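To start, the structure itself, in structure tokens.
What you see below is based on every heavy atom in this structure, not just the backbone, and it leaves out hydrogens, waters and symmetry mates. Numbers for residues simply follow the sequence, beginning at 1. Just follow the structure's listing: the first ligand is 1, and inside any ligand the first atom is 1.
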Amino acid sequence: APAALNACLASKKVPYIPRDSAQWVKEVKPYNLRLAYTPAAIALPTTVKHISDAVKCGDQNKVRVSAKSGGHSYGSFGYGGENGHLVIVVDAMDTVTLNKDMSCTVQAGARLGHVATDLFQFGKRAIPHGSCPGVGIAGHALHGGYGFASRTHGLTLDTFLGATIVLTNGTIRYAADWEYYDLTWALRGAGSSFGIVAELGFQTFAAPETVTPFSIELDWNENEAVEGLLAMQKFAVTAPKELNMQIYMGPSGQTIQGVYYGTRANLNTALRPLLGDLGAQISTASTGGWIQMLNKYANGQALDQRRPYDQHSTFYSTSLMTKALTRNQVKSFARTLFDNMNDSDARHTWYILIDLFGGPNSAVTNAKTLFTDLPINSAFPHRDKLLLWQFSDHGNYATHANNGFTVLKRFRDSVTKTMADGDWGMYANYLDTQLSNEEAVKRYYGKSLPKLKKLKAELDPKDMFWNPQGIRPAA
Ligand SMILES: *Cc1cc2c(nc3c(=O)[nH]c(=O)nc-3n2C[C@H](O)[C@H](O)[C@H](O)COP(=O)(O)OP(=O)(O)OC[C@H]2O[C@@H](n3cnc4c(N)ncnc43)[C@H](O)[C@@H]2O)c(*)c1C
Ligand SMILES: *[C@@H]1O[C@H](CO)[C@@H](O[C@@H]2O[C@H](CO)[C@@H](O[C@@H]3O[C@H](CO)[C@@H](O)[C@H](O)[C@@H]3O)[C@H](O)[C@H]2NC(C)=O)[C@H](O)[C@H]1NC(C)=O
């Protein structure tokens, strides 16, 4: 069957990786080493036509098919979340092209750092995206794309124009608001479930020349954390849009860190109200170029990431997309966390990232259709949320994997217990792997689910493009 496929692929001269070869062992290695899988075949296209033929060779052999770009799926859904998929690795298609009207064409395999590197050097242009340079553009944008430029310039999908996409029947479409309003609407948030994208289009913004990263180091106690976090909610509503912030919380201390697109002295005035509530001061702050800021937050990884790519970790993570927590909700989180922090025996191999996500001064909250003053056509449901939580654990998962799952869930639940069941969601790019399809799609996609399920039945009724937390077609 792996050879039933592999033969079809080479009948259409779709480049494929030979089974159980040296390259097959290097390509089947997931990013998250905790979850590995074994394709039925791996395709390695370099043209849109390869993808189309590869998708047709998938329909022929009744295999589910799944696309992998960067491979940073927290559950290795690039491979399909299971064995026996045809896996179309678009990593080799990474050409960036900057047009004169400031739109760009980015092939579906480009990694974020290769996108910023080529956009700043082809002109001085950029799109908003996350901090990790090795992340693939396809998975990042089709589900959101948040980083230290988002509060100022929006999610990556907010700048999304359209994409050449291969539907389950092999037909190649260019999807944009005019020609395919609903398909493009699904691609802005949940496009992993609807086709194999080969090229994405975005409207770039001018890479700023004056950018100030900053950190504020802290060591809260439980009650200094109920106050400090409540003070940050208020600041998330009022701070200028030039300001981008998150707070790392770990087992031994905290660090408020972010980026202000402006001068140091202006950052000082923006932070004054929050630092007053906190009783804290900037620890490190420096002004420099835009590529400098992306390198400072790349976590040691060189920006211009390309193929071949061999980064790996073994971890479990989850997220939250909350509104402003109440006093008592922040107290439940800090009681449960410092309960863990002060316990010498408990699992301490975790950390938490709380981005300031929405509010009146965030560009995500009222993102618009490009070149318009009308709302954006996007299935992404969380523009009304204020805070983007991420819970991670990078400890042991061979022998004590269920301790890793318990501790992050105990943290996440401590936040949501008192919250109205439909006032909080979760973030698909930070997908919680332990979730039932019903729960996951409820939380990632919210009130877009029915329209998404209606559209899934239109386009992929046999559910070829399958993954554990994918959109299921309506019966
Ligand atoms: C590993 C990692 C992930 C990060 C990091 N930093 C982030 C940040 O600062 N902000 C964020 O908002 N997210 C951050 N993420 C998470 C990434 O955004 C997500 O993990 C991306 O979804 C991963 O994308 P990619 O690198 O392409 O991973 P894949 O496993 O290849 O794909 C995931 C998902 O997308 C589908 N898909 C991929 N390629 C296609 C194409 N061409 N067409 C359709 N669908 C595609 C896959 O099927 C799968 O469902 C920091 C780090 C270190
Ligand atoms: C592969 O599948 C896609 C999606 O299932 C097919 O595209 C869809 O095709 C229909 C008809 O060709 C398009 O027309 C739509 O339906 C009504 C029917 O009355 C038509 O009058 C309208 O023009 C309306 O647009 C539809 O738009 C189109 N959808 C998409 C997303 O492309 C495609 O035809 C299939 N490929 C092959 C080779 O059959």
Side-chain angles (χ1 to χ4, degrees), residues 30-32 35 45 48 51-52 55-56 59 64-81 85 87-91 93 107-113 128-150 155-157 163-175 179-184 186-187 190-200 246 297-301 305 309 311-313 315 317 319 353 355 357 388 390 392 427-431 455-461 465-471:
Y31 174 74
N32 191 354
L35 298 183
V48 191
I51 293 138
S52 181
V55 147
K56 280 182 226 175
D59 188 18
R64 288 158 163 189
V65 183
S66 276
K68 186 233 282 165
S69 166
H72 265 267
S73 198
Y74 288 5
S76 309
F77 290 178
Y79 298 89
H85 280 217
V87 172
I88 300 174
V89 172
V90 307
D91 179 20
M93 300 171 53
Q107 280 187 311
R111 286 159 198 283
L112 294 187
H129 52 62
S131 317
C132 306
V135 162
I137 187 63
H140 193 63
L142 287 173
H143 307 104
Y146 185 96
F148 286 134
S150 282
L155 303 171
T156 315
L157 60 71
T164 309
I165 180 171
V166 181
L167 313 185
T168 180
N169 54 15
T171 287
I172 312 174
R173 295 297 191 210
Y174 179 70
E179 301 95 306
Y180 295 104
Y181 197 79
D182 289 339
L183 174 49
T184 306
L187 296 188
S192 53
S193 258
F194 295 86
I196 311 286
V197 170
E199 192 172 291
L200 301 89
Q246 85 184 173
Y297 282 119
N299 196 41
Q301 278 253 113
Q305 286 303 339
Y309 187 78
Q311 291 303 286
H312 321 285
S313 181
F315 62 94
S317 297
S319 58
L353 299 183
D355 292 286
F357 182 86
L388 168 60
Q390 191 186 191
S392 291
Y427 181 33
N429 276 325
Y430 297 164
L431 57 96
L455 181 55
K456 175 81 181 183
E458 258 206 77
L459 304 177
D460 195 15
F465 306 117
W466 187 94
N467 66 83
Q469 288 165 16
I471 304 307

*asked:* Just to verify, what does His129 make a side chain to side chain donor-acceptor pair (under 3.5 Å) with, not counting sequence neighbours?
replied: none
*Give the minimum heavy-atom separation between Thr184 and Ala175, together with the two atoms involved.*
OG1-C, 3.3 Å
*asked:* Can you classify the ring geometry of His72 versus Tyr309 as parallel (below 30°), tilted (30 to 60°) or perpendicular (above 60°)?
replied: tilted
What pairs of donor and acceptor atoms, side-chain ones from residues 131-147 against any protein atom, are under 3.5 angstrom apart with sequence neighbours left out?
residue, atom, partner, partner atom, Å
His140, NE2, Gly130, N, 3.0
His143, ND1, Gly139, O, 2.8
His143, NE2, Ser192, OG, 2.6
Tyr146, OH, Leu356, O, 2.6

*Sort out the contact shell of ligand 1: every protein residue with a heavy-atom distance below 4.0 Å, listed by chain and number.*
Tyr31, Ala67, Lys68, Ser69, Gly70, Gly71, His72, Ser73, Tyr74, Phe77, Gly78, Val90, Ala108, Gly130, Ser131, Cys132, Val135, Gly136, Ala138, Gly139, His140, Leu142, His143, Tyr146, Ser192, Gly195, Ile196, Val197, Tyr427, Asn429, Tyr430
*So, for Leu155 and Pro128, which heavy atoms are closest and what is the spacing to 0.1 Å?*
O-CG, 3.7 Å
*Take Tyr297 and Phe148, measure what ring pair (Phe, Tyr, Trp, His ring centres under 6.0 Å) needs, and give me the verdict at the end.*
CA-CA 9 Å; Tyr297 282 119; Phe148 286 134; 4.5 Å; yes
*State which residue, out of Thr164, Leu167, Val166, fulfils the side chain to side chain contact (heavy atoms under 4.5 Å, CB included) condition with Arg173.*
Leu167
*Run through ligand 2 for me and note each protein residue having a heavy atom under 4.0 Å from it, chain first, then residue number.*
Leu167, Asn169, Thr171, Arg173, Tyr180, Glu458, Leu459
*Return the minimal non-hydrogen interatomic distance between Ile196 and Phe465, and the atom names on each side.*
CG1-CE2, 3.5 Å
_Side chains of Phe315 and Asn32 in contact at under 4.5 Å (non-hydrogen atoms)_ = yes
